[PDB]
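Student: this one's sequence-less:
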Ligand SMILES: COc1ccc(S(=O)(=O)Nc2cccc(C(=O)Nc3cccc4nonc34)c2)cc1
Ligand SMILES: [Ca+2]
Ligand SMILES: [Ca+2]
Ligand SMILES: [Ca+2]
Ligand SMILES: [Ca+2]
Ligand SMILES: [Ca+2]
Ligand SMILES: [Ca+2]
Ligand SMILES: [Ca+2]
Ligand SMILES: [Ca+2]
Ligand SMILES: [Ca+2]
Ligand SMILES: [Ca+2]
Ligand SMILES: [Ca+2]
Ligand SMILES: [Ca+2]
Ligand SMILES: [Ca+2]
Ligand SMILES: [Ca+2]
Ligand SMILES: [Ca+2]
Ligand SMILES: [Ca+2]
Ligand SMILES: [K+]
Ligand SMILES: [K+]
Ligand SMILES: [K+]
Ligand SMILES: [K+]
């Protein structure tokens, strides 16, 4: 009982630190977007507004790094409490240190205050004419800022009900299930697949479109693929694997984003196919009700088709006995057609009965 | 028994009002198409013919709004009779009022009589040259008129046999099933998937093609993508995700229709895959007959292959005893080949027997 | 016994007439291809060679029509013998007459001898420049000659073993199965799907490529899409839904063939997906062997991981008792890693045991 | 026992020869790539460096042919030992000789030392302007050198654990399983499908890109599709079936490589779909945990919904008894909403119970 | 009364369960129909369901009782069934009588519950039953 | 008579059911084949379907009887089986005899049915049997 | 001690197994829950796993014992269970006692194993038991 | 003789069937392994397949007998099993002895078969047995 209290008090701190890290990461990304958009036309990179906004980004990044460090300290304490260790060096393996350094590196890339520039040259598309420019260096540090979206997955995993619930944890432990983020992803894809597939793709559509526009606004004097509704058209027709061609990227960054978009679209067609195939299958009760309704329908059709068979047979007999030939032949043709129809409905009814018997 | 009579008398009125609303909505759409096509070349937007046709559209829209209101009044009365209420204010929730207003807004968008114009500017494709025009305002009200096709789904649901039949209603309610339009869609996709997929896509092909042509005939002095068989080519190669490029939309409306076409094509490839996968599977009786036929075939093959094995073995023995070598090695090779073939057919027969035993 | 002899003697005649009709149809198509290819450059449409070749096509078409008529007479006699009729008018329904007329019309379209021309105007692609020509009328009659390939399906169905075999027919009728061409297609797709999908698509590749080249050689002064290896490139990138764009059809015929190619490619991706999904599944005999091998592997891994756990635990204990700290901490870390690895392999073994138990 | 030791010694010799053949084949391919890259700009085809590198390729090819011959001799000896033959002519069938000759021909194609050239003409894309160059003949022999990658499959099959293990071979023999390379491919695709699909495609990406660049550097004065990152862009957008169009091959070799890339991309979409569909499914141990958690959730929801039903019913009763109307109607609406919500949650709980009973 | 078409449709629905045509729906016929629908009903539950609409208590459902059941089942939501299910899930102990303890427990998901008990206990037996619950709900 | 190839194929089809080679298809062998085909025939139904072509009534199918069964089963549709099934579904009561009540009932899905009964009752027993049904059909 | 929220959640988890609410988890209730989870535990294995945390040996799990079981089960990996499983797979003969032969055999997948045995036999009974194994592990 | 690695691998394969480690594979252990592989062997077939390699006839497979079985099973195709299966399918009557009638019948799928019989009957008993079949095959 001396371990459960500490473990819960550390679960709460870990969750709160994840929440705050997500808040500060998203604030940094949003201010980066605002500053990148404004510094193009509203003011220049030497203005005091740019200095203030980049100072805000840096001050958010410092606090984010602090929160990441404190989160990892809490997780080290959790490892201590779990595996009954006493020295923190025991918890520090090679993989853990590598992942701590990876998170710190990912979360420490941001536009540093100050004006720096580099010469950017690209080959224009459909004309192959070189175009050079003096682009700022803050654009190769703004794009990596979108890597802070792993905090979203961390927060989703940590806030999930069955991750922290005592009863859910016990039931998972009896069945030896690991509650990693893949289990959460699978449960989401089996509960609400359409909602996940519609949020995860329309939230990445805007990100890819903004990345393409930001990368290509330096080599675009026509406002064709450096316009937001143009970049968002390019990315959509790349994701859907249409690829018209009138808007093809000029730069390596735009081409890379379009390649990544194409890869993810080819990986999302598989998800769409799986979801659609699982959404057409009839539920067991629905299939039983449908089979019962079709059984009633086939019995009614069989009754009326047998009635028609006898009606046509008698009409043919009456016309034959009435010393008539042409109408007798017409009604013999109708009798043959009625017999064929009766055979068809009988076969359909038998197939339905076989399916029902196999199901039950 | 005092409620069943009223409920049936209201079911009939509800169905009749749905039928009339569909009739008037389709009449409005058809007259809109006729007037849009004629006012381009036959006459001008100031002519009396245009005034007469737009008056016809407006008079159809007024009656459609009246029928929608009366249908919702009948549905309110049905709610009263079902849940045993007495005051109609009880039936009026927030969602119901929102949906009533949504239907009224959707069904009240039509070309108002009179000449109104707005300046439309677009960036031409593959040349990026701006093109401005004085386009009429009736084209941004004609395109939304295709939203009246939800009345088609409403009529299909209301006219369905199992929605109104007392027998089907009893059987479904015994199994606790909701008879919404998704159940109808699933039953259609499991009974006649090809017919539904061929009607729902070739009827939307014409609609998308007409929308593209109508939107882009204002910025097309070459009759390339403003020709009906050209718009119908563009839409088809977008839906199939080919996307050649020679016909890429100029305007935002054409680009939006092409994006919607691409999305629906990427969603219909999943339906095609599911339907094809469900149409290749052999039914139980067909699989049993096929397995029986293959069992007979494999038994015949095994008989003839054992015969060949013994024939080759004896021929090799006879040539060996006949003081011959070259024919002896030829027939030893043939005997080894015959033994391998016999092993292959025996393994195939064993696999077939295992499959039959697992199935039965 | 007086009906079985007649029925078999008519089955044989029906099969022979189908064979001869296929022979003459393919001969007509081949001579059409030869004449179309030669009359472009080798000679002109007024030459005697063209007259001779078109006379050969016409004389093959006359015999094909005769064979179709005789085949339908034999099928009428088969209907007589089956349904015990006596007057041939009884067998002549509306559908049968419609299909007889449809086959005769399909098989009577061929290049008539004589020179006739019509003015063909097309809009060139990527330049929208009109191009007019005086094209022969024999090209709108040569392309429909590829509709004679239904005789291929008829011959495949009539020559199939289970269609005419007495035992196969008895077993099929005992299970109430119709031996139509869809059953044959399904059995082919379940026996040899790759072979069918590779023959039916590479034989239509040549047909579509030749049709595109034949239709577009009249409006192509650059030998770009009127070259056989260029048309065969266009058709291949359309079928695979790549659609580069450098070769986009000029004429309505080329565009229609490319649309049909795109549709069939979007319908064949579904077949490819189904075949691949059915070809990755492990059979029961393979799955049992794989599970046994993995069981042996997991037992060996579990043995060695328990050995490592005890080895590391003892090394840590020995270093602790040896008044050492740094190596004791290193070996405690190694012991924790070994315990985690042992847990992982134990969980994998338990999952394998659960899967084996569920399968058996 | 006199055959087992010989069979194992020949297994070991066969495996070692396969390893050495793979080593020498890969060395030849690597030196071919180095020489092809260097001879473009670093030196010319008449230099002594080119002579030395091509002599190295030839000396690797001679040793590779020797190793292939010795490997086939070892297989002949294995056939002798297996089928108890005495004369090696017994083992030399037609298929075996054909495959020996095929491997020797495939492994004997390499750049012969010496300067030989041929005139290469191609039609440029999007301009259709002919371009002629005096290209070396060593480029039509370098590209076929990538066919030596079948040694990779041979080494993977021969080194596989279950191919040579005695216990695995015995277990496979009891179940009559053939240990061909298709079984190995299926086991790999069922154990680690993502890793195989990510190695086999990102290792062919560089091969196709290098082939395109090598073939088209002779007809590219703009360094657009003859640049490695440009060829690797073209191949990637062809594999994903986007096909922009700005980079479309000029020569027949580039077009053929792009056609093969498109075919393999259309065949790999099926593998992606199958893998993704098999990776979304929840295993039994996860399905049971998920169902238990959702059952607990639904019971809690039912409790709170019944609480709301009674609370709203009592509030409505109290407001009715308190001579109030507006609040009475509002709370009656709330009670009806609560009853509907309770019905919905009860229905979904019943559906969960039905699903649990069906799977258990 | 009901029109001819309604009577014909409801007689067809009745004959769905009435296989032998004797005019009454024996519990065995309802059981076999629900088995054909994929359900697995116990005899106790079947009997409980068949006396839900059995007005005369004879143990079988004739045409008028079936008409009442249809007039209560044709609507999208049946208030009586939902009220009964709510009362059932209120009764944790399953004895058919909800005391103040269960109500106080389920309200927490003092004066108000006391007023509810006071105004719901029509017979003054110190507890709440099904008839009191349906009286308070309506 | 039948040629050598036809009789050979039909003998092979006969031996496909005749495992023991005694020349007669016992009902047990037909049931075993039917079970191997995935169907589950009852003994009563199997016996009823084995006397359909059994002309001599010996209880087994010899070669000529099997030839007759094939000669009526090779055709795509046989009028005899469809007529029998129609007569079976006409007889709701299952007694083998259709009276005027069932005829009038199934005709609604007066003078015409009276004429049908009058001209269909060949023996004048007041009711319609299977022989009268097949006489009227042909 | 534990806070109100923790004890409430653990009481809910305890009642998830404790249907009758008597305060003790009998082996039958745990078996029923395990069967509802898809597994099939034998009575012997179930009893063996129920005395693992049963400190007083009364045969049932009270609340404090369940709290101890949770306190050792909440962690991602518990050393006790892994050590026990390793000891179980060490004992090939299944007698509960590992002698030097099995140790030497499993170490091959001389002086070192002798030192291990010498320093692991705390009681000097000539063989290694579970208590000695857990003493050496910690 | 076999090297250390080969004998170790074959001993492991032998112990894969030999659970109890007594050195002999009883038919029960082989049946259990076969059932674990998904197949269902009858006792008669299992005994028949266990005496194929049992040289001494003791009823169990020792290590040398298992080595012989592996030495004839490691190869991709063994002529002995294929010859035995061919002889089995030759003998339609199942009596173990093929007479001239079955040979003449299967050869149609006069002098040649007479020569085959004359040169295949080594003992001159007038009929062909398994030993004569394997003598003629080799
Ligand atoms: C559409 O399915 C996909 C499968 C896997 C992947 S992936 O990201 O793992 N690999 C990947 C990424 C980008 C380009 C390529 C690429 O062009 N490959 C190839 C080129 C030429 C011949 C090939 N034969 O096989 N692959 C080939 C591959 C993505 C989508
Ligand atoms: Ca009854
Ligand atoms: Ca009653
Ligand atoms: Ca109570
Ligand atoms: Ca009371
Ligand atoms: Ca018999
Ligand atoms: Ca007989
Ligand atoms: Ca009757
Ligand atoms: Ca009679
Ligand atoms: Ca208890
Ligand atoms: Ca206790
Ligand atoms: Ca031991
Ligand atoms: Ca001890
Ligand atoms: Ca043993
Ligand atoms: Ca022995
Ligand atoms: Ca014999
Ligand atoms: Ca003999
Ligand atoms: K595409
Ligand atoms: K494209
Ligand atoms: K495309
Ligand atoms: K394109």
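Tutor: Thanks, I have it. Residues are numbered from 1 along each chain as shown, chains lettered A, B, ... in the order given. Ligands and ions are numbered 1, 2, ... in the order given.

Student: chain neighbours aside, what residue packs nearest to the residue of chain E found nearest ligand 6?
Tutor: Proximity of chain E to ligand 6 (CB to the ion) peaks at residue E:36, 38.2 Å away. Using the backbone N, CA and C atoms, a C-beta is placed for each residue, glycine as well. Once flanking residues are discounted, residue E:36 sits nearest to residue A:292: 6.9 Å by CB to CB, 6 or more residues apart in numbering or on different chains.

Student: and that neighbour, what does it touch?
Tutor: B:171, E:36, E:37 (CB atoms under 8 Å, 6 or more residues apart in numbering or on different chains).

Student: roughly how far does the first one sit from residue E:39?
Tutor: Meaning residue B:171. 12 Å (CB to CB, to the nearest Å).

Student: those two: who's more crowded?
Tutor: Counted by other CB atoms under 10 Å in any protein chain shown, residue B:171 and residue E:39 do not tie: residue B:171 has more neighbours, with 24 against 16.

Student: for residue A:246, which three-state class applies?
Tutor: coil (DSSP: H, G, I helix; E, B strand; the rest coil).

Student: residues contacting residue A:197?
Tutor: Neighbours of residue A:197 in contact, by CB under 8 Å, 6+ apart: A:268, A:271, A:272, A:275.

Student: excluding sequence neighbours, find me the nearest residue to the residue of chain E found nearest ligand 7.
Tutor: Residue nearest to ligand 7 within chain E: residue E:19 (38.6 Å; CB to the ion). In this structure, residue E:19 finds its nearest non-sequential neighbour in residue E:29, 5.6 Å apart by CB to CB, 6+ apart.

Student: equivalent analysis for residue E:137, please.
Tutor: residue D:313 (4.4 Å).

Student: OK, contacts around the one you found?
Tutor: D:335, E:136, E:137.

Student: may I ask which of the residues you listed has the most neighbours?
Tutor: residue D:335 (24 neighbours).

Student: right, and that residue touches residue D:317 too?
Tutor: No: Residue D:335 is not in contact with residue D:317 according to CB atoms under 8 Å; the separation is 9.5 Å.

Student: nearest residue to residue 116 other than its sequence neighbours?
Tutor: Going with chain A. Using CB to CB, 6+ apart, the closest residue to residue A:116 is residue A:137 (4.3 Å).

Student: please refer instead to chain E.
Tutor: residue D:314 (5.2 Å).

Student: right, and the one you found touches residue E:136 too?
Tutor: Yes: the criterion here is CB under 8 Å, and residue D:314 meets it with residue E:136 at 6.3 Å.

Student: how near is the residue of the stretch 251-360 of chain A found nearest chain G to ligand 10?
Tutor: With CB to the nearest CB as the measure, residue A:284 is the residue of the stretch 251-360 of chain A nearest to chain G, at 18.9 Å. Distance check for residue A:284 against ligand 10: by CB to the ion, to the nearest Å, it reads 33 Å.

Student: for that residue, give me its contacts.
Tutor: D:354, D:355, D:358, E:38.

Student: any of those buried? List them.
Tutor: D:354, E:38 (16 or more other CB atoms under 10 Å in any protein chain shown).

Student: would you list the contacts of residue A:284 in JSON lines and tack on distance to ligand 17 and secondary structure?
Tutor: Listed next are the contacts of residue A:284 as JSON lines, based on distance: CB to the ion, whole Å; DSSP: H, G, I helix; E, B strand; the rest coil:
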{"residue": "D:354", "distance to ligand 17": "67", "secondary structure": "helix"}
{"residue": "D:355", "distance to ligand 17": "66", "secondary structure": "helix"}
{"residue": "D:358", "distance to ligand 17": "61", "secondary structure": "helix"}
{"residue": "E:38", "distance to ligand 17": "63", "secondary structure": "coil"}
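
Student: any chance of the backbone angles for residue 77?
Tutor: Went with chain A since none was named. phi -60, psi -40 (degrees, to the nearest 10).

Student: I was after chain E.
Tutor: phi -130, psi 130.

Student: could you do residue A:121 as well?
Tutor: phi -120, psi 140.

Student: now do stretch E:5-17: everything it contacts.
Tutor: So stretch E:5-17 is contacted by A:296, B:4-5, B:8, B:165-167, B:170-171, E:2, E:21, E:25, E:29-30, E:33, E:63, E:66-67, E:70 (CB under 8 Å, 6+ apart).

Student: among those residues, name the ones in strands.
Tutor: The strands, defined by DSSP state E, take in nothing from the contacts of stretch E:5-17.

Student: which of these are buried?
Tutor: A:296, B:4, B:8, B:165-167, B:170-171, E:2, E:25, E:29-30, E:33, E:66-67, E:70.

Student: helices of the stretch 251-360 of chain A, residue ranges please.
Tutor: With helices called from DSSP state H, counting those that start in this stretch, the stretch 251-360 of chain A shows them at A:252-280, A:284-321, A:326-359.

Student: now do the host helix or strand of residue A:142: everything it contacts.
Tutor: Following DSSP states H and E, one finds residue A:142 within helix A:139-142. By CB under 8 Å, 6+ apart, the residues outside helix A:139-142 that reach it are A:32, A:36, A:109, A:110, A:111, A:112, A:214, A:215, A:218.

Student: closest to chain C among the residues you listed?
Tutor: Using CB to the nearest CB, these come closest to chain C at residue A:215, 24.3 Å.

Student: how about the helix or strand hosting residue E:116 against ligand 4, any contact?
Tutor: Using DSSP H and E, residue E:116 sits within helix E:111-120. No: residues of helix E:111-120 contacting ligand 4 under CB under 5 Å from the ion: none, with a closest distance of 13.0 Å.

Student: which element is encountered next along the chain beyond that helix?
Tutor: Downstream of helix E:111-120 (by DSSP H and E), the next one is helix E:130-137.

Student: report the angle between that following helix and helix D:326-359.
Tutor: Angle of helix E:130-137 versus helix D:326-359, following axes from the mean of the first three to the mean of the last three CA atoms, to 10 degrees, is 130 degrees.

Student: what's near enough to touch the residue of the stretch 201-350 of chain A found nearest ligand 17?
Tutor: Closest to ligand 17 within the stretch 201-350 of chain A is residue A:350: 54.6 Å, counting by CB to the ion. Applying CB under 8 Å, 6+ apart, one finds that residue A:350 lies in contact with residue C:176.

Student: state the distance from it to residue B:283.
Tutor: According to CB to CB, residue A:350 stands 12 Å off from residue B:283.

Student: with residue A:290 instead?
Tutor: From residue A:290 to residue B:283 the distance is 17 Å (CB to CB).

Student: same question, residue A:16
Tutor: Taken as CB to CB, the span from residue A:16 to residue B:283 is 59 Å.

Student: now do residue E:40
Tutor: 27 Å.

Student: go on, residue E:83?
Tutor: Taking CB to CB, one finds residue E:83 at 47 Å from residue B:283.

Student: could you do residue E:112 as well?
Tutor: 62 Å.

Student: also residue E:125?
Tutor: 63 Å.

Student: quick one, what contacts residue E:80?
Tutor: E:72, E:134.

Student: next, the angle helix E:130-137 makes with the helix or strand hosting it.
Tutor: In this structure, residue E:80 sits in helix E:79-90 according to DSSP H and E. On the basis of the same axes, to 10 degrees, helix E:79-90 is oriented at 120 degrees to helix E:130-137.

Student: residue A:167 and residue D:296 touch, don't they?
Tutor: Yes: applying CB under 8 Å as the test, residue A:167 and residue D:296 come out as touching, 6.8 Å apart.

Student: identify the residues contacting the residue of the stretch 151-300 of chain A found nearest ligand 19.
Tutor: Closest contact between the stretch 151-300 of chain A and ligand 19, by CB to the ion, is at residue A:243 (3.8 Å). When contacts are counted by CB under 8 Å, 6+ apart, residue A:243 touches A:237, B:243, C:243, D:237, D:242, D:243, D:244, D:245.
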